[PDB]
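This text opens with one protein chain seen in two forms, each one given by itself as structure tokens under the names structure 1 and structure 2.
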Structure 1
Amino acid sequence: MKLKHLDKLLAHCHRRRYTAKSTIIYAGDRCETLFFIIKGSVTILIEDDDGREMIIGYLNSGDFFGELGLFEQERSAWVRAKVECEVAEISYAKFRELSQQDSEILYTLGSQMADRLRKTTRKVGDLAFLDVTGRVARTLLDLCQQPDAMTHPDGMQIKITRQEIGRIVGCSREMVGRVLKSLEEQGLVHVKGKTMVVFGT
């Protein structure tokens, strides 16, 4: 996508700011538009009738979301604002148009979906083949690649909670605390508050 394409999209949308934790998309709702993250981050969640939530992933500035109902549908997952979000909502009708005039816009959307299919297919493998300790270790490493990951002399540090890790791997916060106690005893990470340093990464 080129700056000229962004310009157009931003010229044909409804802007919206979302405060952290606010729900942008409700699973089940009818799809009618798609979004583009101008600034900030969002969380993709799925959950069982039980209330247990699972974080499928995070999307950041420059990403599109709410695009799965385009080609056809009802919202396939929950999209919640991780941090304050400047978001641009664009109708499916207006999007298919801007895309016919400029194919690179669709190509970029296709690129993002492709990236997500890979990520999600790896998540399937994680849930299928790895134990919790394994998954937690994998999640923390992945989290060190997020844009909110901070740099550190001894590696990388991140702001994260046990609950968030549990949502990502699929286990209680209690078990996460246990895995961390072990990882720390092994000196693989060092936890301190909502902050955590992961050495050598």
Structure 2
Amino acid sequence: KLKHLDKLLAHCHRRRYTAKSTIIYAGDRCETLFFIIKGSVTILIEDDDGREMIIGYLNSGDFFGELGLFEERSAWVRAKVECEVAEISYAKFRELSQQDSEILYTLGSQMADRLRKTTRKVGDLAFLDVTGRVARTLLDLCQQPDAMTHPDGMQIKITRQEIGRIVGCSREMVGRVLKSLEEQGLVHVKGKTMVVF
């Protein structure tokens, strides 16, 4: 946020991506920074045999495509909802870093917060089994944007095949963790919407 956006996105190159649309492909070598005005994206990487895997989500006020500003695209960035995003060239960012140093702290603050979540992501895969990881992943998507409050808990918009690429198992084997958790009295599975108690 802050007042750095007015100086940064002064030369708007606003783009609108529909849901499911890919914005960044891994391996590309184009020097472009993105800022999310409204919407949410999905960050995807590959495992060891070339399957895609969800790492996290970025929301409004988030930058992405910024790891090349310092000395190839490291991940896929896909729009999960309708995203309003603006481009800034790496060249424009380099000049405005000299007109103000708070844009590198704004960018560094998001880079540091992504390290924390991703480092927590490494440990949650080592010290948790699949049942516990679908339990945490549900627990993490509440303290995450786009969940309204429910009388008995929270509502989240996620499919089981999305959870399988977050926790590292198949959607069918995840069918239980949602099934077994639903009959214990923690969760609701319905179409595109889950209720966590």
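Residue positions are counted from 1 along structure 1's sequence. C-alpha atoms forming the largest set that superposes within 1.5 Å between two forms make up the rigid core.
Just a single entry of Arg52, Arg138, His152, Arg173 exceeds or equals a 2 Å CA shift between structures 1 and 2, which is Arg52 (rigid core superposed). Overlaying the rigid core between structures 1 and 2 leaves the Cα of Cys31 displaced by 3.4 angstrom. Comparing between structures 1 and 2 on a rigid core frame, one finds that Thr108 has its C-alpha moved by 0.8 Å.
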